[PDB]
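Chemist: Take a look at the following structure, please.
Nothing in this text is a laboratory measurement; each read-out follows from the coordinates by a stated rule.
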Amino acid sequence: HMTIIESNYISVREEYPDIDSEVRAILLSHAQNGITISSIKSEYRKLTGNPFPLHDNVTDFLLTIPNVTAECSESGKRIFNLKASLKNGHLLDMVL
Amino acid sequence: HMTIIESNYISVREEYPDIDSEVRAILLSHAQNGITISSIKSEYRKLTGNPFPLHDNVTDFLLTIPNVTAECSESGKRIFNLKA
């Protein structure tokens, strides 16, 4: 009845090569209290000049980016955030 | 192409009145590591005897339950839990 064209996530990330890091910057900047989808979108526009290229199932797309967390607030608002990546251990060779 | 029926979450919670309490229970017993959608479904079958009533976009439904968290792991695996 109603018809929707869904996005291929790889095509999105090829056409918009910076989208993951662009999202990470927006998330991390709101580390204290997190951020909703509407605010991710309008801030994406401010940083790129482009509309956020995902129109349906933004939650699923955002959760295809590693270390992205989402949570349902008590009021039912959906709050997104970025966790710190702890997996890589960094070696440092020191001289004299 | 591919047609589907959009699930009404009020209908679900009326046909399965204990579903929220059941998901939270499953999450409560997997607090230390979190749990994926596959394990939630098959754990739900174990506890209730019924198949999990939602089939597509379970993430969205799970995240309409207060206090439920979802994180994308480094592998891409999707982990669900409670804020605790």
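Chemist: Whole-Hz Karplus ³J(HN,Hα) for the range B:54-68, in order, using 6.51 cos²θ - 1.76 cosθ + 1.60 and θ = phi - 60°, x for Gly and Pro?
Modeler: Couplings: 9, 10, 10, 6, 5, 3, 4, 5, 4, 8, 9, 8, x, 6, 6 Hz.
Chemist: Also, quick follow-up: What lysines does B:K77 reach when the alpha-carbon gap must be under 23 Å and sequence neighbours fewer than 8 apart in one chain are set aside?
Modeler: A:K83, A:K87, B:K41, B:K46
Chemist: 5 Å is the cut-off here: which amide hydrogens, built 1.01 Å from N in the peptide plane, fall below it relative to B:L82, excluding neighbours closer than 5 in sequence?
Modeler: Answer set, sorted by chain and number: B:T69.
Chemist: What are the semi-axes of the equivalent ellipsoid for chain B, taken as the square roots of 5 times the Cα gyration tensor eigenvalues, largest first, in whole Å? Provide the component values of the computation, followed by the final result.
Modeler: Details: eigenvalues 83, 55, 30 Å².
In descending order, the three semi-axes are 20, 17, 12 Å.
Chemist: Here is a further query. Evaluate the protein assembly as shown: find the radius of gyration of its Cα atoms, find its Kirkwood radius, and give the ratio Rg to Rh.
Modeler: Looking at the protein assembly as shown, the ratio lands at 1.01.
Chemist: If you average the C-alpha positions of the range B:1-65 and of the range A:53-96 separately, how far apart do those two centres end up, in angstrom?
Modeler: Going from one Cα centre to the other spans 23 Å.
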